[PDB]
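Shown below, as structure tokens, is a lone chain in the form deposited in one PDB entry; questions about how it binds or moves come after it.
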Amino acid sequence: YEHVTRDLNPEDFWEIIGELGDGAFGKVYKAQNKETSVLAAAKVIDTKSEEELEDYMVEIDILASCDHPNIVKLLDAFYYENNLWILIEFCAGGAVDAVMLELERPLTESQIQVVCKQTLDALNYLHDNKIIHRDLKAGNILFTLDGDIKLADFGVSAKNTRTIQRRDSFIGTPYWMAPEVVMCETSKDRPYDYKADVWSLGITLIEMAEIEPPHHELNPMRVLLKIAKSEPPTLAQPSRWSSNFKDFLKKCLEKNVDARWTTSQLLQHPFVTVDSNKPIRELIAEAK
């Protein structure tokens, strides 16, 4: 497609150094550019056929089209011998959840503020560009060498740009057009669906405060039921946390979607009014 190379062996450009992880789409490798020495994470996805490339295209497009400091960039993509290779800028610190498990402790509040502030900048850019992440969690927030973060894994993300471009496309005099379509107040443009990411942000903040997300102790079969039945989760040990942390969470973890804050609103909250990554430089230094 637009961004996927054909007929070339990815391993004539990128050398596998080792393994970074392993998941449902296969193993993820640490790769090194044979010419430039630039590092990458290399997803290698077994495709049974060419039709399956369409399943992975929205993700590639999002990665190729985004240009933000807190979103990982696409370095290359190849289709070769029935595998889709996706090469993504390398984040040397790994995922936030992996750090917590290595150190066997949650992040401190000042650390959470930095991750939250930068993660929010990424989300706000996504939403501004009609992208819903849809799988925000600590496993998909990666640390850089320099103590910053980058949001990754757009594997189930939605990009409403072509939908919106087709939505506004009309010819002739539209006498029959609904006023909400006239006013650009269709679901594609309203905040409603994007706010699903704002809830996931709240859960991820509790996950960073407590190592594991709410309801981790339940039978997995019960978790969706629990989310539906229960009031929104709160920090297990609230005395440990500032009023600003607890207030921010309440703006995210709000079941009335209309009342839940947008990323735009959240950027003005004092919990994210920070501008030094030092608490994270301290963390990742200890993990090194």
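In case it trips you up, residue 1 is the first one in the sequence shown, and so on. Between two forms, the rigid core is the largest collection of C-alphas that superpose within 1.5 Å.
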Exercise for review: Answer yes if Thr119 is missing coordinates in at least a third of the other compared entries, and no if every one of them models it.
Suggested key: no
Exercise for review: Compare the other PDB entries of this protein and indicate whether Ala95 is left unmodelled in at least a third of them.
Suggested key: no
Check your understanding: Against its chain's modelled residues, does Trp199's Cα B factor rank lowest, middle or highest third?
Key -> lowest
Exercise for review: Name the third of the chain's ranked CA B-factors that contains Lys246, choosing lowest, middle or highest.
Suggested key: middle
Review point. Which third of the chain does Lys150 land in by C-alpha B-factor: lowest, middle or highest?
Key: middle
Review point. Once the chain's modelled residues are ordered by C-alpha B factor and cut into thirds, is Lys226 in the lowest, middle or highest one?
Key: lowest
Review point. What third of its chain's C-alpha B-factors does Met57 belong to: lowest, middle or highest?
Key: highest
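The next section is about a form of this same protein that is not shown, the form deposited in another entry.
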Exercise for review: With the core superposed, find the residue in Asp128, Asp146, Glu185, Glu102 that moves its CA 2 Å or more between this form and the one not shown.
Suggested key: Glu185
